[PDB]
Amino acid sequence: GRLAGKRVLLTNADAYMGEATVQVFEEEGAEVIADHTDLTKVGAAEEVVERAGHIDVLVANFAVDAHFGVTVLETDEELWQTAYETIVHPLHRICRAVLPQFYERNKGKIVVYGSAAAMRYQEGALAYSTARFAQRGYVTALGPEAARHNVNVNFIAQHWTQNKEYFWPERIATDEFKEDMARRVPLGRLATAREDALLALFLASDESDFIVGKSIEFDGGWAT
Amino acid sequence: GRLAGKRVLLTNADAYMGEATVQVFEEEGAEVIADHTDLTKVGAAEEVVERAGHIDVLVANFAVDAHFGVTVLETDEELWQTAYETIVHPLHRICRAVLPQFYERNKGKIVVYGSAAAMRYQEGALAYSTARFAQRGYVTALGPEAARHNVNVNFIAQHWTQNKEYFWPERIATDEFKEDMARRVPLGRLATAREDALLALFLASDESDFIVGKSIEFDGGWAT
Amino acid sequence: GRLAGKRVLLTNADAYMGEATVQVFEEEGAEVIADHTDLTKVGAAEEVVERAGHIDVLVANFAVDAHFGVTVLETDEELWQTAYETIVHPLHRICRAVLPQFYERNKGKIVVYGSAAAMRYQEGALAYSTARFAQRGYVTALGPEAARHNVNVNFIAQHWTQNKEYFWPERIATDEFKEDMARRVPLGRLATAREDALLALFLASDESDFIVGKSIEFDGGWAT
Amino acid sequence: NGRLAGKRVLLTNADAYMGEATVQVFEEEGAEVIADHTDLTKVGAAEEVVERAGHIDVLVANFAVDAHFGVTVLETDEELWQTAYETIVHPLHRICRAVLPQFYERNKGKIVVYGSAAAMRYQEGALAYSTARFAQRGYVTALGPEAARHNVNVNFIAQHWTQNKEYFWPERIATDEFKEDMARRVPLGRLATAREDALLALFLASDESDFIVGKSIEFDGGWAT
Ligand SMILES: N#CCC(O)CC#N
Ligand SMILES: N#CCC(O)CC#N
Ligand SMILES: N#CCC(O)CC#N
Ligand SMILES: N#CCC(O)CC#N
Ligand SMILES: N#CCC(O)CC#N
């Protein structure tokens, strides 16, 4: 097993990419703590880790409505703030909580399921895009700092990937979605959740200790 | 006069890069509304703009203490939130407020004084770096949306530039800061505030209409 | 004049972006040496610079047929070699020929007219794309080495800009071209040659001394 | 069983650069590796390597040339400049162009290029070399999305600070000067072993990476971050 003997902490395990992570990571021998705690609440992250015990890998799995099609002028205070409360501030909270034990053992792995909208313009997703950009920046600024304690932190800039929040069955069925994907995605298809978790498995494994603070675009060529 | 006839709204005119902006923009024939409002408060942004009246150019000039040297574990909730409350959330409030008149005229200019820390890793500046990454994301996401209305939105990714909040006289006088800069900046010197303002000037002028949602690194070669 | 008292060497001055560089640069006070030498020949570049005498600015102006639509399998040896012989190998020859006198004075400016196909995937332009990437790497690698001597080397990553080689009047006059351009270019128009030269002007001027080895995307937001 | 079970891999210049770790890692994982030693700077050579090789599922484009560390722009003469391109740029297209027809026939293929982080960010004192690596990166960026329409993956490993004889031979890395540069410039604070580089290439060559198209993955301990 490529994660044999590892204990993995997965945030919001029922949302976004959690289901495929559990399935892939367990079949590679990991013990996956599938947490369901709302990490927008101050203090919650410190407790999840406390109750978790020994963590080898943190899979920071956060998602929020992109509000596709909402314009800049329609991006009101609540919508803007909710993007940050939901995927930005919790990211630092939960990473801060795991790092002490990582630093104790001079070893650790963090994988962030982010978005290729943090790499390049995605139309109609303003507040959301800026929040993923901030996630991306967290990995860019933390990666090399944590690398000094032999901790890897990396960012999956995913897009066109099966999940409820962004590519739900109703959306991907329309003629309009299929024409737009064909124009914009060179590979011409969506990724499966499993393919996403296979990249994360690499980034969570000890096969990837030399990858630090990087954004790997998981997008079928979209941002190329 | 390269800004002849233009009116310019400058945020936090006394902080960060405001002084050099007034100097250079006024020399090129612009009226500069030098604002000192605390755009942290909901509603302030809209009222600066109503009072300002006609605006051809918004210079979004925001700054927060980088808290140099503060590590990830020492980056507490207050410090983290302050970075976003000070330079991220207000940026969208003020850009949302001027865009309506830009869209009526099908013309507009937005210049964001940002950070090269939004482009690449800057040691000991975690919270701040993620916040600058949010600003960069805002320019990347908004730029192409606004450009359909002939509105230019761009990002100056500056570093190693004279200002009080990051390169104040006491910090840059040490013999050993000079050695560090000399290793990290290929040009081997700090930029003057004025040089930064001459880049903002180009981006604010109608000489730069084809520049859309870009991050121009203004850093002596640091991130190259 | 913003180039008052400057002498500018412009390669292939009757091709690509030369005409507009002469007009804009002469308007700003510069003497423009409009060279037509075939710099694909060894020894030519050194002779040109010897004839030119005192140079403050080099505008590396090279272009080659992109063979739009030719695929990887039909990109034969001769087509591949020609792209490098035309725009890659000559670039090093003329910059190497100019740098000695810049190093004596510890001052110089090099502006490269490049392509946004050096930044992002451009359909059906394989050999040409890789040659522009090479140009971009030359700016990226030389930039910081030349900046030690207070010399600026920068790259204009242009696209959707009027010129005979890539956007000649016939090609851009059809309704099909305009509809594709409207989809791919957020600003929704081509740039004028003059607008391109106004960015070169900024990068050739002493207002841009802090810009080192950078690629500035001049593409209506295409690559954003 | 193996992550490349049943796959036939064509590896160029198998004794140079990252070739040896590639053989070892890929074969541990069930691959049959065709370890080519042909000089692909000769026109027509790439086509013959592919024909003589039979069925190919993965091409590992493994090319290196002397970086000429420390050689200045003014010292970069015609022959040095030309040699960097003749050695790692021109053959890259020759060998990919030669293998793609059978990939396109089967609507399936993998290409992994061992490149350089010098193709991503400024690396001191390696001018001609850096621009040749930049051209490799551009090849992947431009070919990547084109080949992806035929279900072929082309990706670029932008490696630095990684075991090899061309760029980290023993005399170079023994000096105090080099050890202090690395500690300052490499967040992880060490060099990679060739095995670790090959494990990334393993991922990119496997069918676990079908969704990675024309990308540059930085394998540099954080140097370019
Ligand atoms: N899948 C996924 C991430 C989402 O950001 C894509 C978009 N827009
Ligand atoms: N000058 C300036 C902006 C600051 O972000 C640089 C740093 N660190
Ligand atoms: N104009 C121009 C540069 C050209 O390379 C754009 C394309 N394709
Ligand atoms: N190729 C290569 C590297 C070599 O030229 C330097 C040594 N030892
Ligand atoms: N500079 C440098 C090293 C890189 O070019 C390849 C490796 N390893």
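Side notes on the structure shown:
- Qualifying residue in the range D:35-57 (condition: without any contact (Cβ under 8 Å) to a residue 60 or more places away in the chain, away from ligand 1 (no atom under 16 Å from the Cβ), touching a helix residue (DSSP H, G or I) at 6+ places or on another chain (Cβ under 6 Å) and within 30 Å of B:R184 (Cβ to Cβ)): no
- From D:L188, D:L204, residue being out of contact with any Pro (no Cβ under 8 Å at 6 or more places or on another chain) and within 20 Å of B:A223 (Cα to Cα): D:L188
- Scan of the range C:42-70 for residues that are surrounded by 17 or more Cβ atoms within 10 Å (Cβ to Cβ), among the β-branched types (V, I, T) and farther than 21 Å from C:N154 by Cα, ordered by number: C:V48, C:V70
- Yes/no for B:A63 being closer than 27 Å to B:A4 by Cα, touching a residue at least 60 places away in the same chain (Cβ under 8 Å) and in contact with an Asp or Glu (Cβ under 8 Å, 6 or more places away or on another chain): no
- Selection status of D:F156, surrounded by 23 or more Cβ atoms within 10 Å (Cβ to Cβ), at the interface with another protein chain (Cβ under 9 Å from one of its Cβ atoms) and among the aromatic types (F, W, Y): no
- The criterion of being part of a helix (DSSP H, G or I) and surrounded by fewer than 21 Cβ atoms within 10 Å (Cβ to Cβ) does not hold for C:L73.
- Residue in the range C:6-15 that is within 13 Å of another protein chain (Cβ to nearest Cβ), surrounded by 15 or more Cβ atoms within 10 Å (Cβ to Cβ) and touching a residue at least 24 places away in the same chain (Cβ under 8 Å) present: no
- Residue selected from the range D:76-120 under the condition more than 11 Å from chain C (Cβ to nearest Cβ) and free of Cβ contacts under 8 Å to residues at least 12 places away in the same chain, by the criterion surrounded by the most Cβ atoms within 10 Å (Cβ to Cβ): D:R106
- Condition met for B:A60 (touching a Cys at 6+ places or on another chain (Cβ under 7 Å) and either within 30 Å of A:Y103 (Cα to Cα) or not β-branched (V, I, T) (or both)): yes
- Residue within the range C:18-29 that is of a type in the set (S, T, N, Q) and surrounded by 15 or more Cβ atoms within 10 Å (Cβ to Cβ) present: yes
- Qualifying positions in the range D:169-193 - surrounded by fewer than 21 Cβ atoms within 10 Å (Cβ to Cβ) and either within 14 Å of chain A (Cβ to nearest Cβ) or part of a strand (DSSP E or B) (or both): D:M182, D:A183, D:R184, D:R185, D:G189, D:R190, D:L191, D:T193
- Scanning the range A:140-168 for residues that are in a strand (DSSP E or B) and among the hydrophobic types (A, V, I, L, M, F, W, C) turns up A:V151, A:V153, A:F155, A:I156, A:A157, A:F167.
- Within the range B:196-224, restricting attention to residues that are buried (at least 23 other Cβ atoms within 10 Å of the Cβ) and acidic (D, E), the residue that is nearest to the other protein chains (Cβ to nearest Cβ) is B:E217.
- Selection within the range B:127-153 - in contact (Cβ under 8 Å) with a residue 40 or more places away in the chain and touching a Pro at 6+ places or on another chain (Cβ under 7 Å): B:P144, B:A147
- Scope the range B:165-187; condition without any contact (Cβ under 8 Å) to a residue 24 or more places away in the chain and within 18 Å of the chain's Cα centre (by Cα); matching residues: B:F167, B:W168
- Yes/no for D:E124 being in contact (Cβ under 8 Å) with a residue 12 or more places away in the chain, surrounded by fewer than 16 Cβ atoms within 10 Å (Cβ to Cβ) and not in a helix (DSSP H, G or I): no
- Of all residues in the range B:194-224, those satisfying the criterion of being assigned to a loop (DSSP other than H, G, I, E, B), within 14 Å of the chain's Cα centre (by Cα) and charged (D, E, K, R) are B:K214, B:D219.
Don't worry about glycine lacking a Cβ; one is built from the backbone with ideal geometry, like all the others, and counts go over all protein chains shown. Values quoted throughout were computed directly from the atomic coordinates according to the rules given, and no laboratory measurement underlies them.
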